[PDB]
Amino acid sequence: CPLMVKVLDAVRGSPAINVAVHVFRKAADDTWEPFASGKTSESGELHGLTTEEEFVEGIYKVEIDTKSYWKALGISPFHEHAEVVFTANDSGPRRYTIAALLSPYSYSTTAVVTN
Amino acid sequence: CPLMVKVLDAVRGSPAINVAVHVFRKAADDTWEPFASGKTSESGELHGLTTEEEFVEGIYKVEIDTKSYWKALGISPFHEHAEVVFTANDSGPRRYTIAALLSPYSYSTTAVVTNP
Amino acid sequence: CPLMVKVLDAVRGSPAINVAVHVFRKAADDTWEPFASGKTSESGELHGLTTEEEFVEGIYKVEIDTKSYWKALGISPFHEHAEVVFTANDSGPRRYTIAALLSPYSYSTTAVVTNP
Amino acid sequence: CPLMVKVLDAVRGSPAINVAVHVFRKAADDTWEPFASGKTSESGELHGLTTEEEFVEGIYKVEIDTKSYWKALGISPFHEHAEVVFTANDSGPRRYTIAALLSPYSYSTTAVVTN
Ligand SMILES: O=C(O)c1cccc(/C=C/c2ccc(O)cc2Cl)c1
Ligand SMILES: O=C(O)c1cccc(/C=C/c2ccc(O)cc2Cl)c1
C-alpha cells in the first residue's frame, strides 16, 4: 500500500466514514487526470488506491469531498473540498499516508512518509 | 477589506513573511480565472486583495505558495502549496479571513467569516 | 502587551467569544501560582493580561476553558480545557501571542513570539 | 486496548519515535497521580497503557514530553510539553485514541472515540 488516505472528524471525535476521495496525477499538459478514487471505510481509511508499479514519481492531488460529508450531517460547511497537492519522490521513503482532520470551517492535513 | 489572508509559521513561531498568494474565481465556463494576488507582510497578513464591489458571489480558490516559502528557508516540504476553495457571499456580503498555519509536512487552515 | 491570547472557533467559523483564560506561573516551590486571568472579547482576543515589568522570566501555563465554551453552545466536548505550558523571557523580554483553534474533539495551538 | 496514544512529527513527516508519554488520573484531593507511562514505538504509537478493568470513568491527563523530542533533533521548541485533559465516560464509546501532531512552536491534538 504505497498510498493511504485517512480522514478524521473533529466535531464528533470519530473516523470520517464514507468520504469520497479522488486522486489525480498531473499530466504533461499540466492538467489533472483521474488516477484513483474510493470512499473511506468505517475506520476512516482508504487503502489500495494504487500499487508500487503505478505510483511513479510526479505531482498528485488528493481531493477529499468534505462538503458532502458535512451536508449529510446537517452542518453548514465552509470548503468546497480539501485538496492536498504533493510530489511523490522515489529517493526518500516510499509509503505515503495522507491524513486529514475535518471541521466545518477548518481542516488540517499532514503527511506521514515511511520506509 | 472583505478578503484577508493570514499565514503563520509553526517551525519558527513567527508570521510567515513574503508568502505569495494567488486568488482565483470560478468562471461561467467552469475554469479558474485569476482574481487577485499578493504577498504577506511582516505581520503575516495580506490586505487589499479586493473590494466589496468586486468580490461578488462565486466559488473562490486561495492558493498559498508554501513550497517556495519553505525552500527559501532550506527546507524541502511535502506540499506544492496549500489551497483553500470556498463559496463566498452567497447569502450576501461577508468579511473573510483565511488563516493558515504552516509546517514542512503539514498545514492547518481555518476561516473566520463575519457579517458587517 | 507582552502576552496576548487569541481563540477561534472551527465549527462556527468565528472568533471564540467569552472564553475564560487563566494564566499561572511556576513558583520556586514548584507549584502553579495564579498570575493573570480574563475573557476573550468579541474578536476572540484577550489583551492586557500583564505588563513588561510583571512578565518576568519563568515557566507559564495558559489554561483556556474550552469545555465551558462548548457546553454553552449545546455541545459536550472531549477536553476539560486546553493547556499551553512554556518558558518565557529566558533570553530577554519577548511578545507572545498564544493562539488556539477549537473543535469539540480537537484543538490546535501555536505561538507567535516576536522581539520588540 | 482502551487507551492508545499516537504522536506524529509535522517537520519530518514521520512518526514521532521514542516520545515519553505519562498518563495521570485525577485523585479525590484534585491531585494528579501517575497512572501509566511509556515511550512511543517506531510507528509513533503507544499501546496497552491500561486495561478495560483499570480504565474507569474519571479525569485523565496525557502528558507528552515534546520538549525532549525537539531538543534531541536540535530544534529549539516552545512548549514544556503537550497535555491533553479529558473525562473518560462509559456510556459513550469505550475505545480512546489520543493523537498529537507536533511542530516546534505548535501542536494539534484530536480524540478518536469508537465502539
Ligand atoms: O488573527 C490573528 O492575528 C492570529 C494570530 C495568531 C494565530 C492565528 C491563527 C492560527 C491558526 C490558523 C490556522 C489554523 O488551522 C490553526 C491556527 Cl491555531 C491568528
Ligand atoms: O489517528 C490515526 O490513526 C492517525 C494515523 C495517521 C495520521 C494521523 C494524524 C492525525 C492528526 C492528529 C491531530 C491533528 O491535530 C491533526 C491530524 Cl491530521 C492520525
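Keep in mind that the numbers below use all heavy atoms, side chains included, and drop hydrogens, waters and symmetry copies. In what follows, every chain begins at residue 1, and chains take the letters A, B, ... in the order their sequences are listed. One-based numbering, in listed order, for ligands and for the atoms of each.
- Protein heavy atom at the shortest distance from atom 1 (O) of ligand 1 is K6(C) NZ, 2.7 Å.
- Minimum interatomic distance between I98(C) and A111(C) (heavy atoms only, all atoms of both residues): CD1-CB, 4.1 Å.
- Contact annotation: for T109(D) versus ligand 2, heavy atoms closer than 4.0 Å belong to the backbone alone.
- In the model, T51(A) has a side-chain atom that pairs as donor or acceptor with a side-chain atom of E54(A) under 3.5 Å.
- Residue contacts with ligand 1: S108(C) is placed with no nitrogen or oxygen under 3.5 Å of a nitrogen or oxygen of the ligand (distance criterion only).
- Nearest to atom 10 (C) of ligand 2 by heavy atom, out of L101(D), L8(D), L102(D), is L8(D).
- Under 3.5 Å, the side chains of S103(A) and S103(C) contain a donor-acceptor pair of N or O atoms.
- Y96(C) has its ring centre no less than 6.0 Å from the ring centre of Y60(C).
- For the side-chain contact (heavy atoms from CB on, under 4.5 Å) criterion with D9(D), the lone passing option out of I17(D), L101(D), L73(D), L102(D) is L73(D).
- With atom 12 (C) of ligand 2 as the reference point, the heavy atom nearest to it among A99(D), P15(A), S43(A), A100(A) is part of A99(D).
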